[PDB]
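K.L.:
model_26.txt is the file, holding compact mmCIF, C-alpha atoms and all ligand atoms:
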```txt
# COMPACT_ATOMS: atom_id res chain seq x y z
CA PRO A 671 22.33 -11.92 -2.69
CA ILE A 672 20.22 -13.96 -0.30
CA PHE A 673 17.86 -11.21 0.86
CA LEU A 674 17.14 -10.00 -2.66
CA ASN A 675 16.42 -13.55 -3.81
CA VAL A 676 13.68 -13.83 -1.23
CA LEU A 677 11.94 -10.60 -2.06
CA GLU A 678 11.70 -11.60 -5.75
CA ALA A 679 10.74 -15.13 -4.89
CA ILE A 680 7.79 -13.95 -2.77
CA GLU A 681 6.63 -11.13 -5.02
CA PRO A 682 2.88 -11.46 -5.73
CA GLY A 683 1.65 -11.95 -9.27
CA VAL A 684 -1.23 -10.39 -11.22
CA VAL A 685 -4.41 -9.73 -9.26
CA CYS A 686 -7.60 -8.89 -11.07
CA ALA A 687 -10.39 -6.71 -9.73
CA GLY A 688 -13.18 -8.82 -11.21
CA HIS A 689 -14.43 -5.73 -12.98
CA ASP A 690 -17.34 -5.70 -15.44
CA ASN A 691 -15.87 -3.56 -18.28
CA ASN A 692 -19.12 -3.62 -20.29
CA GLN A 693 -20.72 -1.56 -17.60
CA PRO A 694 -20.70 2.16 -18.28
CA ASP A 695 -18.30 3.80 -15.83
CA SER A 696 -20.44 4.63 -12.82
CA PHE A 697 -18.87 5.86 -9.59
CA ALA A 698 -20.47 2.93 -7.65
CA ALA A 699 -19.31 0.28 -10.12
CA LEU A 700 -15.79 1.61 -10.06
CA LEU A 701 -15.59 1.76 -6.30
CA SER A 702 -17.35 -1.50 -5.69
CA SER A 703 -14.52 -2.86 -7.92
CA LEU A 704 -11.72 -0.98 -6.15
CA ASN A 705 -12.93 -2.41 -2.80
CA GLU A 706 -12.94 -6.00 -4.09
CA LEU A 707 -9.49 -5.45 -5.45
CA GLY A 708 -8.59 -4.13 -1.98
CA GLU A 709 -9.48 -7.40 -0.39
CA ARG A 710 -7.83 -9.48 -3.11
CA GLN A 711 -4.64 -7.48 -2.76
CA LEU A 712 -4.85 -7.70 1.07
CA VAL A 713 -4.91 -11.54 0.88
CA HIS A 714 -1.83 -11.48 -1.31
CA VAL A 715 -0.17 -9.02 1.11
CA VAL A 716 -0.83 -11.39 4.06
CA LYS A 717 0.79 -14.26 2.23
CA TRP A 718 3.79 -12.10 1.29
CA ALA A 719 4.45 -10.54 4.65
CA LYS A 720 4.49 -13.95 6.31
CA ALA A 721 7.24 -15.31 4.00
CA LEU A 722 9.13 -12.10 4.76
CA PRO A 723 12.60 -12.41 6.42
CA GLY A 724 12.17 -11.91 10.17
CA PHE A 725 8.49 -10.96 9.87
CA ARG A 726 7.56 -13.96 12.02
CA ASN A 727 9.65 -12.64 14.96
CA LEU A 728 7.02 -9.92 15.51
CA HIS A 729 4.42 -10.65 18.10
CA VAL A 730 1.33 -11.83 16.22
CA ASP A 731 -0.77 -8.77 17.05
CA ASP A 732 1.95 -6.54 15.63
CA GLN A 733 1.98 -8.56 12.42
CA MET A 734 -1.76 -7.97 12.02
CA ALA A 735 -1.57 -4.36 13.09
CA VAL A 736 1.35 -3.56 10.91
CA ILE A 737 -0.27 -5.01 7.80
CA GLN A 738 -3.53 -3.19 8.26
CA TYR A 739 -1.82 0.14 8.70
CA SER A 740 0.55 -0.27 5.74
CA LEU A 741 -1.99 -1.85 3.42
CA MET A 742 -2.90 1.32 1.52
CA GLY A 743 0.72 2.49 1.13
CA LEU A 744 1.78 -0.93 -0.16
CA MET A 745 -1.08 -1.03 -2.61
CA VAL A 746 -0.26 2.49 -3.71
CA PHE A 747 3.46 1.98 -4.09
CA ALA A 748 3.18 -1.30 -6.03
CA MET A 749 0.40 0.15 -8.17
CA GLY A 750 2.71 3.04 -9.21
CA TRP A 751 5.43 0.62 -10.35
CA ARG A 752 2.96 -1.64 -12.12
CA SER A 753 1.66 1.39 -13.88
CA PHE A 754 5.19 2.51 -14.80
CA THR A 755 6.43 -0.80 -16.17
CA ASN A 756 3.19 -1.89 -17.84
CA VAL A 757 1.97 1.39 -19.40
CA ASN A 758 4.83 3.82 -18.81
CA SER A 759 2.73 6.00 -16.40
CA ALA A 760 0.17 6.94 -19.10
CA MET A 761 -2.65 5.50 -16.96
CA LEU A 762 -3.24 3.91 -13.53
CA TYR A 763 -2.83 0.14 -13.67
CA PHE A 764 -4.74 -0.87 -10.60
CA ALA A 765 -5.27 -4.31 -12.20
CA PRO A 766 -5.45 -5.75 -15.71
CA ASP A 767 -9.23 -5.52 -15.81
CA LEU A 768 -9.10 -2.09 -14.11
CA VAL A 769 -7.01 0.62 -15.65
CA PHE A 770 -7.93 4.23 -14.93
CA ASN A 771 -7.78 6.76 -17.67
CA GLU A 772 -8.44 10.53 -17.04
CA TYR A 773 -12.18 10.06 -17.42
CA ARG A 774 -12.21 7.22 -14.91
CA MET A 775 -10.07 9.34 -12.58
CA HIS A 776 -12.71 12.08 -12.71
CA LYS A 777 -15.48 9.42 -12.36
CA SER A 778 -14.13 7.77 -9.17
CA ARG A 779 -14.25 11.23 -7.56
CA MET A 780 -10.57 10.83 -6.51
CA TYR A 781 -8.97 12.91 -9.24
CA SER A 782 -6.65 14.84 -6.98
CA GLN A 783 -5.40 11.63 -5.34
CA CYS A 784 -5.00 9.90 -8.70
CA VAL A 785 -2.88 12.70 -10.20
CA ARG A 786 -0.65 12.34 -7.10
CA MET A 787 -0.36 8.59 -7.79
CA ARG A 788 0.18 9.05 -11.54
CA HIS A 789 2.96 11.50 -10.60
CA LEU A 790 4.69 8.96 -8.32
CA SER A 791 4.37 6.42 -11.10
CA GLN A 792 6.42 8.72 -13.26
CA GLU A 793 9.03 8.95 -10.53
CA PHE A 794 9.97 5.31 -10.94
CA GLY A 795 11.11 6.51 -14.32
CA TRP A 796 12.48 9.98 -13.49
CA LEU A 797 14.69 8.15 -10.93
CA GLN A 798 15.48 4.97 -12.97
CA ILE A 799 14.27 2.89 -10.02
CA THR A 800 15.79 -0.56 -10.36
CA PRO A 801 13.41 -3.47 -9.73
CA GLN A 802 15.67 -4.50 -6.82
CA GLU A 803 15.38 -1.07 -5.14
CA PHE A 804 11.60 -1.16 -5.63
CA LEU A 805 11.19 -4.59 -4.06
CA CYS A 806 13.20 -3.50 -1.05
CA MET A 807 11.50 -0.11 -0.75
CA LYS A 808 8.22 -1.93 -0.80
CA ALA A 809 9.31 -4.24 2.09
CA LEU A 810 10.40 -1.19 4.08
CA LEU A 811 6.96 0.24 3.46
CA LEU A 812 5.44 -2.51 5.64
CA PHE A 813 7.60 -1.15 8.54
CA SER A 814 6.73 2.50 7.89
CA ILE A 815 3.71 3.19 10.17
CA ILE A 816 2.92 2.38 13.82
CA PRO A 817 0.78 3.34 16.75
CA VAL A 818 2.49 6.18 18.56
CA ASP A 819 2.33 4.45 21.95
CA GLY A 820 4.22 1.57 20.31
CA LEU A 821 3.59 -2.05 19.40
CA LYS A 822 3.65 -5.01 21.80
CA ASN A 823 7.30 -5.88 21.07
CA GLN A 824 8.49 -2.53 19.68
CA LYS A 825 12.14 -3.58 20.02
CA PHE A 826 11.81 -6.65 17.73
CA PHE A 827 10.14 -4.21 15.32
CA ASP A 828 12.85 -1.61 15.45
CA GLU A 829 15.44 -4.32 14.73
CA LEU A 830 13.57 -5.59 11.74
CA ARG A 831 13.06 -2.06 10.43
CA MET A 832 16.70 -1.04 10.92
CA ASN A 833 17.72 -4.25 9.20
CA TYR A 834 15.55 -3.52 6.12
CA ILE A 835 17.35 -0.19 5.86
CA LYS A 836 20.73 -2.00 5.95
CA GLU A 837 19.51 -4.07 3.05
CA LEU A 838 18.46 -1.02 1.06
CA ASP A 839 21.91 0.44 1.80
CA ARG A 840 23.42 -2.58 0.07
CA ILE A 841 20.96 -2.38 -2.83
CA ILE A 842 22.25 1.23 -3.28
CA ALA A 843 25.94 0.21 -3.19
CA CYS A 852 25.51 6.89 -3.45
CA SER A 853 24.71 8.99 -0.43
CA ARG A 854 22.61 11.04 -2.88
CA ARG A 855 20.46 8.07 -4.01
CA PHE A 856 19.39 7.43 -0.42
CA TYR A 857 18.27 11.02 -0.21
CA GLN A 858 15.93 10.53 -3.10
CA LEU A 859 14.61 7.07 -2.41
CA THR A 860 13.82 8.01 1.17
CA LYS A 861 12.08 11.09 -0.22
CA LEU A 862 10.14 8.88 -2.59
CA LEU A 863 8.93 6.61 0.26
CA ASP A 864 7.77 9.63 2.25
CA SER A 865 5.62 10.71 -0.77
CA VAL A 866 3.51 7.60 -0.38
CA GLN A 867 2.24 8.51 3.07
CA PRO A 868 0.28 11.73 2.28
CA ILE A 869 -1.39 9.80 -0.56
CA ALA A 870 -2.15 6.82 1.63
CA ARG A 871 -3.75 9.21 4.10
CA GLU A 872 -5.91 10.95 1.45
CA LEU A 873 -6.96 7.57 0.26
CA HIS A 874 -7.65 6.54 3.79
CA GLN A 875 -9.78 9.58 4.36
CA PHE A 876 -11.74 9.18 1.17
CA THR A 877 -12.26 5.44 1.84
CA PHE A 878 -13.45 6.00 5.40
CA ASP A 879 -15.93 8.67 4.38
CA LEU A 880 -17.17 6.44 1.59
CA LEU A 881 -17.93 3.63 4.06
CA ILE A 882 -20.16 5.97 6.05
CA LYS A 883 -22.11 7.33 3.07
CA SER A 884 -21.87 3.95 1.22
CA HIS A 885 -25.49 2.80 1.78
CA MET A 886 -26.66 6.14 0.28
CA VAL A 887 -24.44 5.89 -2.84
CA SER A 888 -24.81 2.11 -3.57
CA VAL A 889 -21.06 1.26 -3.14
CA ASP A 890 -20.29 -2.29 -1.98
CA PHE A 891 -17.73 -3.16 0.74
CA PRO A 892 -16.54 -6.73 1.42
CA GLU A 893 -17.16 -7.53 5.10
CA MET A 894 -13.47 -7.73 5.99
CA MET A 895 -12.62 -4.33 4.47
CA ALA A 896 -15.55 -2.53 6.15
CA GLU A 897 -14.38 -3.89 9.51
CA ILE A 898 -10.78 -2.79 8.90
CA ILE A 899 -11.94 0.64 7.76
CA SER A 900 -14.13 1.01 10.86
CA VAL A 901 -11.53 -0.32 13.32
CA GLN A 902 -7.96 0.38 12.15
CA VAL A 903 -8.21 3.30 9.69
CA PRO A 904 -9.79 5.63 12.32
CA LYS A 905 -6.71 5.18 14.46
CA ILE A 906 -4.58 6.44 11.58
CA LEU A 907 -7.03 9.24 11.02
CA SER A 908 -7.25 10.09 14.73
CA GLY A 909 -3.40 10.32 14.98
CA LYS A 910 -3.06 7.25 17.19
CA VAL A 911 -1.18 5.53 14.35
CA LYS A 912 1.38 7.59 12.47
CA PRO A 913 3.76 7.02 9.58
CA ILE A 914 7.44 6.97 10.29
CA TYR A 915 8.83 9.76 8.08
CA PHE A 916 12.48 10.03 7.13
CA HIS A 917 12.35 13.72 6.38
CA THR A 918 10.55 16.96 7.68
CA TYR B 1 -12.27 -9.76 14.02
CA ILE B 2 -12.78 -11.35 10.60
CA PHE B 3 -9.23 -10.27 9.69
CA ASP B 4 -7.93 -12.06 12.88
CA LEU B 5 -9.61 -15.39 12.07
CA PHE B 6 -8.43 -15.11 8.46
CA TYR B 7 -4.94 -13.99 9.46
CA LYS B 8 -4.45 -17.06 11.67
CA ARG B 9 -5.87 -20.27 10.07
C1 LIG C 1001 -11.28 2.15 -2.06
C2 LIG C 1001 -10.44 0.97 -1.59
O1 LIG C 1001 -11.08 -0.24 -2.00
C3 LIG C 1001 -10.36 0.88 -0.06
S1 LIG C 1001 -9.91 -0.65 0.46
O2 LIG C 1001 -9.16 -1.34 -0.57
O3 LIG C 1001 -11.10 -1.40 0.76
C4 LIG C 1001 -8.96 -0.46 1.74
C5 LIG C 1001 -9.46 -0.45 3.04
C6 LIG C 1001 -8.65 -0.26 4.15
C7 LIG C 1001 -7.29 -0.08 3.97
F1 LIG C 1001 -6.46 0.09 5.04
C8 LIG C 1001 -6.78 -0.09 2.67
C9 LIG C 1001 -7.60 -0.27 1.57
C10 LIG C 1001 -9.08 1.11 -2.25
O4 LIG C 1001 -8.36 2.06 -1.93
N1 LIG C 1001 -8.76 0.17 -3.16
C11 LIG C 1001 -7.59 0.06 -3.86
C12 LIG C 1001 -7.40 -1.13 -4.57
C13 LIG C 1001 -6.24 -1.39 -5.28
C14 LIG C 1001 -5.22 -0.47 -5.31
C15 LIG C 1001 -4.16 -0.73 -5.99
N2 LIG C 1001 -3.21 -0.92 -6.62
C16 LIG C 1001 -5.38 0.81 -4.57
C17 LIG C 1001 -4.29 1.86 -4.53
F2 LIG C 1001 -3.27 1.40 -3.81
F3 LIG C 1001 -3.77 2.18 -5.71
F4 LIG C 1001 -4.83 2.92 -3.97
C18 LIG C 1001 -6.56 1.02 -3.87
```
Could you take the file, read its structure, and then write that structure out as structure tokens?

P.N.:
Amino acid sequence: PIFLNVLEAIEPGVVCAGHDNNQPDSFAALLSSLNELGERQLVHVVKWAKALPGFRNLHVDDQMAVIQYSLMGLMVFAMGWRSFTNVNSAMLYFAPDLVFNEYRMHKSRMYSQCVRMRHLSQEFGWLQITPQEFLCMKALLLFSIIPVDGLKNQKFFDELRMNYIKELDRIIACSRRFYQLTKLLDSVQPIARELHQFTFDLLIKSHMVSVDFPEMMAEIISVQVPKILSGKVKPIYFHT
Amino acid sequence: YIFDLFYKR
């Protein structure tokens, strides 16, 4: 079980948002905290992806590309499992110091998106998603979105991706499970995209609403996210 | 890019 050992070995631990939970729940406070959490989680995603089997074969620019594109989806997917395990999908467990209840969902101004995410969090339950299936679905999420006119070494990418699907095959060992898990991974992408849209817009209007973006995230949002939004970069979907 | 310099250090 050499592959599965690695995934669990490299799984990130708890990341806090640094939230001030004595502050009354203002939109700006919440989103200035979500953004900081973004960056914290990004850092942990960089460390993880590097210790990822084969990841290092990718040309370096593809590594950076691929992480920036997937970031949201990874954050979203993991968050849904965290929320499931920790609080049984009652609330959104972004971090320990940052759990969204219905009021916070309304307050963030991303209620529709949140309900989507809460729903997915329930799915880890409705499907009895093993922790081994989750870990491996989450790896496959990093290979689930690419610029349409391809990466620098697209072939080394396609190998890696088709090999992460072989691993999921073994974690499923039965044809019917694959239907559902692949359906579950597709659900992430619409959500990632709504988040991406919201986030992007927020950056533009951010000086007028007092929301605070860490340098690195503002750059990513202004440089990579537009490509997703402009259709240059597109998720790989199993279905439809 | 600040992500580039961070990514490779
Ligand atoms: C509003 C935002 O901060 C945007 S961001 O983190 O700066 C960001 C910017 C660019 C990206 F490609 C992805 C994320 C955000 O979506 N934060 C955030 C933080 C933590 C988690 C978790 N878990 C999530 C979400 F995955 F659940 F959406 C979202």

K.L.:
Within 12 Å of chain B, which residues of chain A are there when counting only C-alpha atoms? Please give them as a VMD selection string.

P.N.:
chain A and resid 709 712 to 717 719 to 720 730 to 735 737 to 738 892 to 902

K.L.:
Quick one: which chain A residues come within 7 Å of ligand LIG 1001 (chain C), and what is the nearest atom pair for each with the distance in Å to one decimal, counting only C-alpha atoms and all ligand atoms, rows ordered by chain and ascending number, as a Markdown table?

P.N.:
```
| residue | atom | partner | partner_atom | distance |
| --- | --- | --- | --- | --- |
| A:701 | CA | C:LIG1001 | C1 | 6.1 |
| A:704 | CA | C:LIG1001 | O1 | 4.3 |
| A:705 | CA | C:LIG1001 | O1 | 3.0 |
| A:706 | CA | C:LIG1001 | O1 | 6.4 |
| A:707 | CA | C:LIG1001 | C12 | 4.9 |
| A:708 | CA | C:LIG1001 | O2 | 3.2 |
| A:709 | CA | C:LIG1001 | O2 | 6.1 |
| A:711 | CA | C:LIG1001 | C13 | 6.8 |
| A:738 | CA | C:LIG1001 | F1 | 5.5 |
| A:739 | CA | C:LIG1001 | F1 | 5.9 |
| A:741 | CA | C:LIG1001 | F1 | 5.1 |
| A:742 | CA | C:LIG1001 | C8 | 4.3 |
| A:743 | CA | C:LIG1001 | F2 | 6.4 |
| A:744 | CA | C:LIG1001 | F2 | 6.7 |
| A:745 | CA | C:LIG1001 | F2 | 3.5 |
| A:746 | CA | C:LIG1001 | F2 | 3.2 |
| A:747 | CA | C:LIG1001 | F2 | 6.8 |
| A:748 | CA | C:LIG1001 | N2 | 6.4 |
| A:749 | CA | C:LIG1001 | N2 | 4.1 |
| A:764 | CA | C:LIG1001 | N2 | 4.3 |
| A:765 | CA | C:LIG1001 | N2 | 6.8 |
| A:873 | CA | C:LIG1001 | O4 | 6.1 |
| A:874 | CA | C:LIG1001 | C7 | 6.6 |
| A:877 | CA | C:LIG1001 | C1 | 5.2 |
| A:891 | CA | C:LIG1001 | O3 | 6.9 |
| A:895 | CA | C:LIG1001 | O3 | 5.0 |
| A:898 | CA | C:LIG1001 | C6 | 5.8 |
| A:899 | CA | C:LIG1001 | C6 | 5.0 |
| A:903 | CA | C:LIG1001 | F1 | 5.9 |
```

K.L.:
For residue 699 of chain A, which residue out of A:777, A:751, A:812, A:759 is the nearest one, using only C-alpha atoms?

P.N.:
A:777

K.L.:
Quick one: residues within 10 Å of residue 782 of chain A, only C-alpha atoms, excluding same-chain residues fewer than 4 positions away - as a list in words?

P.N.:
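Contacts, in chain order: residues 775, 776, 786, 787, 869 and 872 of chain A.
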
K.L.:
Tell me, in Å to one decimal, how far atom CA of residue 811 of chain A is from atom CA of residue 878 of chain A.

P.N.:
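If I compute the distance from atom CA of residue 811 of chain A to atom CA of residue 878 of chain A, I get 21.3 Å.
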
K.L.:
Mind giving me the straight-line distance from atom CA of residue 718 of chain A to atom CA of residue 789 of chain A in Å, one decimal?

P.N.:
26.4 Å

K.L.:
What lies within 12 Å of residue 857 of chain A using all atoms listed in the file, ignoring chain neighbours under 6 positions off, as a list in words?

P.N.:
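So the residues in contact are residues 797, 839, 842, 863, 864, 916 and 917 of chain A.
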
K.L.:
Would you work out the distance separating atom CA of residue 889 of chain A from atom CA of residue 703 of chain A, expressed in Å to one decimal?

P.N.:
9.1 Å

K.L.:
From the set A:766, A:879, A:802, A:820, which residue has the shortest atom-to-atom contact distance to residue 676 of chain A, counting only C-alpha atoms?

P.N.:
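Closest candidate: A:802.
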